[PDB]
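Q: Sharing a structure, written as structure tokens. Questions coming.
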Amino acid sequence: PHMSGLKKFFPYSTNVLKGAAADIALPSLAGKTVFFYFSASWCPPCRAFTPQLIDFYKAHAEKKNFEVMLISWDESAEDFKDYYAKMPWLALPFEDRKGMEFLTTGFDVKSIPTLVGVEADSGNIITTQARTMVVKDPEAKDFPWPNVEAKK
């Protein structure tokens, strides 16, 4: 039980953030779906999608057993702090900029907001197009939406 699969996403961080605390370690995510949320406070559609994702999180995070982790494209530590403060979920520490770069290129993230779903235990990927489905399927009927990419 080393969470080997999930660890593959974090070459430069051990623990991640949960509010003011930065002692959250990967095993705490065992058995869950984890969403990487690529976002920034300078991005208008991000600023509007964030409250939508929070509504979805309030409704389904417990019953559908998932967690969200911010991967920030913010310009400064100050901007990161103010923006992440509005969020109830986890964050990759802002100081790990190279880790943010690793994930951004790994998933071919070219614009934000983007929401990518992964399985914590196996480390497998479900979809990179979860943003679309938070909006289209607010009741989470088809969650966690594998292969949204199949769509025309």
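Residues are referred to by chain and number: the chain letter is A, B, ... according to the order shown in the structure tokens, the number counts from 1 in that chain, and ligands are numbered separately from 1 in the order shown.
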Range 13-53 of chain A near range 57-80 of chain A within 12 Å: what's each residue's closest atom pair and its distance in Å to one decimal, counting only C-alpha atoms, ordered by chain then ascending residue number, as CSV?
A:
residue,atom,partner,partner_atom,distance
A:16,CA,A:69,CA,8.8
A:17,CA,A:69,CA,8.7
A:18,CA,A:69,CA,9.1
A:19,CA,A:69,CA,11.3
A:24,CA,A:69,CA,11.4
A:26,CA,A:67,CA,11.5
A:28,CA,A:67,CA,10.3
A:29,CA,A:67,CA,7.7
A:30,CA,A:66,CA,10.0
A:31,CA,A:65,CA,8.0
A:32,CA,A:66,CA,5.1
A:33,CA,A:66,CA,4.6
A:34,CA,A:67,CA,5.0
A:35,CA,A:68,CA,4.7
A:36,CA,A:69,CA,5.0
A:37,CA,A:70,CA,4.8
A:38,CA,A:71,CA,4.8
A:39,CA,A:72,CA,5.4
A:40,CA,A:74,CA,4.8
A:41,CA,A:74,CA,6.4
A:42,CA,A:74,CA,7.0
A:43,CA,A:74,CA,9.0
A:46,CA,A:73,CA,10.7
A:50,CA,A:57,CA,10.3
A:51,CA,A:57,CA,9.6
A:52,CA,A:57,CA,8.6
A:53,CA,A:57,CA,6.0
